[PDB]
Amino acid sequence: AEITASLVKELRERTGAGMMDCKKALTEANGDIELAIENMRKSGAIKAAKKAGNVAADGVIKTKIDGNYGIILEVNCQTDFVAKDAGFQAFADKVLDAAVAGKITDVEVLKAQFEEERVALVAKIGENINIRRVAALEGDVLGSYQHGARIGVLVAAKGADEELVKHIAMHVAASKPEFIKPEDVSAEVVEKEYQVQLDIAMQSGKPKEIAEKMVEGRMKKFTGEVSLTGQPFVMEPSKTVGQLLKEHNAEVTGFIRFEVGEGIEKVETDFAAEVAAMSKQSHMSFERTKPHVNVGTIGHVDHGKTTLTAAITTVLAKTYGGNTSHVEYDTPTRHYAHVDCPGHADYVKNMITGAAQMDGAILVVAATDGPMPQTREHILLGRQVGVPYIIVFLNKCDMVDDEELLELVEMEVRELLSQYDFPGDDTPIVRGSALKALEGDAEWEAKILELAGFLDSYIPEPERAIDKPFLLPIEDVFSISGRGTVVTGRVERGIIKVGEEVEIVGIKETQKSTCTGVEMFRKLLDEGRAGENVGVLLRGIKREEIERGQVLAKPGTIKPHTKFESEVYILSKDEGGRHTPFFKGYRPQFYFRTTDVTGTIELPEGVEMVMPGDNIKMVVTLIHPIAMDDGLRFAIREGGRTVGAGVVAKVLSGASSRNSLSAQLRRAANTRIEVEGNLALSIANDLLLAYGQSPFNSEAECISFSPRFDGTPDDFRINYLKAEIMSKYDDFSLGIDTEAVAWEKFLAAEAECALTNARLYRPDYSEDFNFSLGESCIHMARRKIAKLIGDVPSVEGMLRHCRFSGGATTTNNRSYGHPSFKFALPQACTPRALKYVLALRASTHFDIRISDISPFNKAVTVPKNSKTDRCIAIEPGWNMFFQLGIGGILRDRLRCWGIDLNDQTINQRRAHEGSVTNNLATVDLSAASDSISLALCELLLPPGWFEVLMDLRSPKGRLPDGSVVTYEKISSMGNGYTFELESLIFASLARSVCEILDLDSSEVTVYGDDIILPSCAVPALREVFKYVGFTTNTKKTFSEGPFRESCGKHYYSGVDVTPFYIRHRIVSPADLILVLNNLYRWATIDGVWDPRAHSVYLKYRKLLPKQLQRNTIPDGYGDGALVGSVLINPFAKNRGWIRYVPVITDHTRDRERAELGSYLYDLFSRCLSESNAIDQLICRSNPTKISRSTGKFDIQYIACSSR
RNA sequence: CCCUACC
RNA sequence: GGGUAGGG
Ligand SMILES: Nc1ccn([C@@H]2O[C@H](COP(=O)(O)OP(=O)(O)OP(=O)(O)O)C[C@H]2O)c(=O)n1
Ligand SMILES: [Ca+2]
Ligand SMILES: [Ca+2]
């Protein structure tokens, strides 16, 4: 030590400067006060200027109004915590006040007027802080709005009143209008923006006056929207600000809106990979049940928070050897995840959103400085979020002589901790140095060790989910004959044993009962443990006495509540939340463990708008009760869209839409649009005419017209539509057309397999002399396939993939398709398939029974296009169960070849590229799956597999004639695996063809029979295919020309030319709406019409009942309303800040579900799962419900977003 | 279970 | 009938 302790303290208390900066400026002053205060004052700048190269993207905005003069101010800092800090508040509160009277606008004037004090803080704080901008606004009446501190606006308007200007100010803060009027936009920035779009359009091939008109309409919008005037007013999106003003005899002379940080990079920051980055410099020179603990580090930016967590990691690895960007380290007794808390808001967000909780914080302060002024806000954050314990790591202690000085810093911290109710006197404080720790220096190494010892002993072990009291969120209820009432769900915490009593609590008056049993799909059980999906059997209680959403718990452990206060986060436009703010009476859905429930909120004191993206405390009150205690997470929803997360803080005491309007629409909806002749045709023809193309001569021409594959994209697009649009229409009288042809087709395919079956089992030409491409590919493909697939389908493979889903089986019809009827009604099965069923039956205690054992499937017929139906096959139920098993497994394996059968999106893009690039082809086989013969499978597949495939197929088929077929092909369409099998067969060949040619196999991609490989490969692929029995569809395969198609998307030199189809007689208003919407989506660029089509759209829109002509919804909400602008829908009711619009839906009648079967289906599904930012983990999946379609329509109200 | 869009 | 994506 040099000079004395209490000499430095009073140097701090009158300055706020760092400890060592105080001692060291007290030596060069020979123990003199005033002399010292000066060496620092006179060095205030050396510090500040050292911080210039520190990005200050945070801060506050302030705002003041004087009679009718107003100023808006922005002064940055680099941190959340500094912005809410008292001192920094006072600087900006002052630089603002004294900037009012002294009416300034030149940012430099008031800057330099404060520069000598701007250095005061920057020294005392340790963050770059400085005035960023200022501006001034005056008018006849101006008003301001302050959205916390992140954003303020000043609004000046003539002829307006008090609240009006507030509201306008608030709107401005929400909608960011970059001008005050549509006619105020830089007639240059625009006149040259109209000069860029004109190509985008005229290069797509569009005729002069079309590209123009389009661009004009676009630009008219492009502006109206970025202009206060043509902006849907925020407090009533139905009318815009423009109209709001006009009807108040007012206008807006001008406005300013500032937002903290606007246009300042705000350099990204990754925590983990930075620690490893600081760990790298000294990178140089069983018991799995261990408890899991979350810790957060919190303190001043460069007080060494990052170096400490580096230290904590090396040292811990060196010694005890071994969500979202978070380092993790181990102690001999527990396992840690560690986050940084660089921002206050940002942290509160993650704490609500569950993306990062905290069992204890670690407050980091460098002893060379001591607590900073903003250290208050650090501890305060801890306090506000309820971090249960806070440990202190004094850092950089080695850069300190007097040890009495550390005794002194440590006092300051303890006193701060206690000012915020933390155990100041009893809280751990390790005197350490992270730097030396990383230099291996074992003196300062045992302090890190010591810190982790406190982590192990001061932050108490968190409560293992099993040790808390039983609770199971009820997902569904079943009435099971001779086994009472049963609920299913995942037990959330605790254990339930048979015999114990339970309460069922939530939505109605709480009820009591006792546990009869506990079952999973395979085992029956006497206890259910936390994390397990189960059924639990209750006694005396009935199934209409229990609802989903209730919980099952140990008695008295959980109680039902209706009112509570909470901390919630509203998602932004980004995260898929709302895109408009809400206000006083927000009335959304609060989803709890498994169900939505309506609630109203009240905002805290003095807040009256809420924007996507921000935090808020609100007092929520629910329509009826839900079991809850403190801590319980919940989502916030609007029509099943997630717009917020929440956490109950404290439970409290808890002491639009029109009917005739629905009736009007219902009546209209059940009306018949009726016209003469064929409406579909008339529409197509008015369309052909508006694009100036010759109309369809007759019904005959609709289905026999071929497009010219040339001319401009525009010319081709309507030409392609002409060829496709009527091609699947099912109501053509004119034609002895049929489905007789579908069977001929079907018989042709079989006979084809018969030939190639003969051939492939006979290729003894008895002459090696000759070598063949097809032979070669089969050999190569076989070898690749085995490497991918294995000798045989894994048992686990089957365990996670066999399932029932869907439609008809050989015993169930469309009506009894649902999986719950498959578990209830006995299913048929094949003699060869029997052992699978028995094995499944040996596998569970539930009954598993076989209607009948027979080798037949049912060949039926389903619609395809105007020219032919498609023959498929309805399988035996149990065979299906297992087919989907192997089908599911092949789907997984095929990923290793880059083939992803869940994503037809990758095939569409390669179609599009092949379209400009001509380097890729799209190809198509004719009877794709009807042509895979038995022989081909047998040559390609491992024996183990082919056998399993032979057991599971239907060997025989019963046609509608009662006649039979003994199948030549391996499997028919409608089998559980044929799609995935044809994909693998197709890919394996194309890949082998690639290697034979020295192309990259990886360029191959396949989805069913939509095959995409490199163009040069096609001729050889054609030959292989011909050889192994397939016939390639010359008409729908493209390896040159400007055209490509794959998976629904059609492209022409890069432009989307995918058509649309009218399939049915248009008879109801839903039929017509669907067609019109398809027209809309095909003719609209971003909501703007091609004029050619729009004239036809408007012509036919007049055929609808009047109210249905105006009842519009945004795109992506379905087709029970015309797509258009929902803001101008007269029937849209804005109810509680969420907007509700009526759509047409099919009127259903409820049917009785199969109680046992539904319960198996539920349980079986939970089995399937066990073998398998983000608050999506807050929602489940829903209860079995059956319903008949009556032929009528209903009106349903759905939630919408302005869009 | 009932609608639309595709293989 | 099988699968995909979206909707109730
Ligand atoms: N409604 C459909 C459509 C396709 N697929 C499956 O996807 C593959 C694609 O067959 P398509 O290309 O649609 O037509 P193909 O049966 O091969 O007959 P074609 O091209 O001559 O019309 C084959 C089949 O397994 C299906 O099962 N059911
Ligand atoms: Ca095909
Ligand atoms: Ca195809």
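Any read-out appearing in this document is the output of simple, stated calculations on the displayed coordinates, not a laboratory observation. Methodologically, a virtual Cβ is constructed for each residue, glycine included, from the backbone with ideal geometry; neighbour enumeration extends over all protein chains shown.
In whole angstrom, note down how far apart the Cα centers of region A:158-218 and region A:21-76 are.
Rounded to whole Å, the Cα centres lie 44 Å apart.
Among the DSSP beta bridges whose two residues both lie in chain A, what percent are antiparallel, rounded to the nearest 5?
85 percent
Determine, for each peptide in A:557-566, A:164-173, A:49-58, A:254-263, the mean count of other beta carbons within 10 angstrom over its residues, then list the peptides with the highest first. All intermediate terms of the calculation are to be shown ahead of the outcome.
Details: A:557-566: 19.1, A:164-173: 22.9, A:49-58: 14.6, A:254-263: 17.5.
Top of the packing list down: A:164-173, A:557-566, A:254-263, A:49-58.
Give a residue-ordered list of calculated ³J(HN,Hα) values for region A:427-437 (Karplus: 6.51 cos²θ - 1.76 cosθ + 1.60, θ = phi - 60°; whole Hz; x for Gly, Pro).
8, x, 9, 8, 7, x, 8, 6, 3, 4, 4
For the pairs A:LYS24/A:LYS124; A:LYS542/A:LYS1185; A:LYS784/A:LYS956; A:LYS181/A:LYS584, flag any whose C-alpha to C-alpha distance is greater than 25 Å.
Details: A:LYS24/A:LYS124 16 Å; A:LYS542/A:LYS1185 19 Å; A:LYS784/A:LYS956 31 Å; A:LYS181/A:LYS584 29 Å.
A:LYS784/A:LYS956; A:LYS181/A:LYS584, as the Cα separations exceed 25 Å there.
When ranked by the protection proxy of mean other Cβ atoms within 10 Å per residue, highest first, what sequence do the peptides A:385-398, A:1187-1200, A:9-22 form?
Details: A:385-398: 21.6, A:1187-1200: 15.6, A:9-22: 18.2.
In decreasing order of mean packing, A:385-398, A:1187-1200, A:9-22 become A:385-398, A:9-22, A:1187-1200.
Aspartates and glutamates within cross-link reach of A:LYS290: Cα-Cα under 18 Å, excluding same-chain residues under 8 positions apart?
Of all the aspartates and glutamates, those that pass the test against A:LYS290 - Cα under 18 Å, at least 8 places apart if same chain - are A:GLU328, A:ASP330, A:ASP359, A:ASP456, A:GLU461, A:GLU463, A:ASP467.
Checking the table A:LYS64/A:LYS166; A:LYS221/A:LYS1106; A:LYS867/A:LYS1192 against a 23 Å threshold on Cα-Cα, which pairs fail?
Values: A:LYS64/A:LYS166 14 Å; A:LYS221/A:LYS1106 27 Å; A:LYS867/A:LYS1192 30 Å.
Over 23 Å Cα-Cα: A:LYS221/A:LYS1106; A:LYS867/A:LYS1192.
What is the distance in Å between the Cα centroid of region A:77-128 and that of region A:1060-1095?
So the two Cα centres are separated by 59 Å.
Over the Cα atoms of chain A, what Rg and Dmax result, in angstrom?
Looking at chain A, its Cα Rg and Dmax stand at 36.4, 114 Å.
Which whole-number value in Å³ per residue fits the convex hull of the alpha carbons of region A:559-652? Walk me through the numbers before you get to the answer.
Working: hull volume 7.9 nm³, N = 94.
About 84 Å³ per residue, rounded to a whole number.
Give me a comma-separated list of calculated 3J(HN,Hα) values for region A:971-984, in order, Karplus coefficients 6.51, -1.76, 1.60 applied at θ = phi - 60°, integers in Hz, x for any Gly or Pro.
Values per residue, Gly and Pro as x: 7, 9, 5, x, 7, x, 10, 4, 4, 5, 6, 6, 5, 5 Hz.
Note down the magnitude of the dipole of region A:199-287 about its Cα centre, charges +1 on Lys and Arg C-beta and -1 on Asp and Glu C-beta and zero elsewhere, to the nearest 20 debye.
Details: 11 positive and 15 negative charges, 108 e Å.
Dipole about the Cα centre, nearest 20: 520 debye.
Please compute the net charge surrounding A:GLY585, taking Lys and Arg as +1 and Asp and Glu as -1 over other residues with Cβ under 12 Å from its Cβ. Mind dumping the intermediate values first?
Working: positive: A:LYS584, A:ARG587, A:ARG1135; negative: A:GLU602, A:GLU608.
My count for the surroundings of A:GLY585 gives +1.
Quick one: net charge around A:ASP1009, please, counting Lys, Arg +1 and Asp, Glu -1 for every other residue with C-beta under 9 Å from its C-beta. Could you put the intermediate results ahead of the total?
Working: positive: none; negative: A:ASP924, A:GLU982, A:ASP1010.
Here the charged neighbours net out to -3.
Mind checking region A:958-1050 for GluC sites (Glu not before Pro) that DSSP puts in a loop (not H, G, I, E or B) and that have at most 13 other Cβ atoms within 10 Å? Each step should come with its number before you reach the end.
Working: sites: A:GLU968, A:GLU980, A:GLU982, A:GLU995, A:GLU1003, A:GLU1023, A:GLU1040, A:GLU1045; in loops: A:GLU968, A:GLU1040.
Qualifying residues, ordered by number: A:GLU1040.
Report the local net charge at A:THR598: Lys and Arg +1, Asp and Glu -1, summed over other residues whose C-beta lies under 13 Å from its C-beta.
Details: positive: A:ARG587, A:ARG637, A:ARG1135; negative: A:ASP596, A:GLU638.
Summing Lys/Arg as +1 and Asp/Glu as -1 gives +1.
Work from the charge dipole of chain A (Cβ charges, +1 for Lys and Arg, -1 for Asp and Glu, about the Cα centre) and give the residue of A:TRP743, A:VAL1088, A:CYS994 farthest towards its positive end.
A:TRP743
With an 8 Å cut-off on Cα pairs and a minimum separation of 6 or more residues, tell me the relative contact order of region A:559-652 in percent. Present the calculation step by step, with values, prior to reporting the outcome.
Details: 231 pairs, mean separation 40.6, N = 94.
Reported relative contact order: 43 percent.
Sum -39500 (n - 2.57) across every DSSP H segment of at least 4 residues in chain A, then divide by the residue count to get the 222 nm mean residue ellipticity, nearest 500.
Values: 38 runs with 412 residues, N = 1203.
Calculated at 222 nm, the ellipticity per residue is -10500 deg cm²/dmol.
About the Cα centre of region A:531-617, how large is the charge dipole given +1 on each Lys and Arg Cβ and -1 on each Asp and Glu Cβ? Please answer in debye to the nearest 20. Provide the component values of the computation, followed by the final result.
Working: 13 positive and 13 negative charges, 99 e Å.
The calculated dipole for region A:531-617 is roughly 480 debye.
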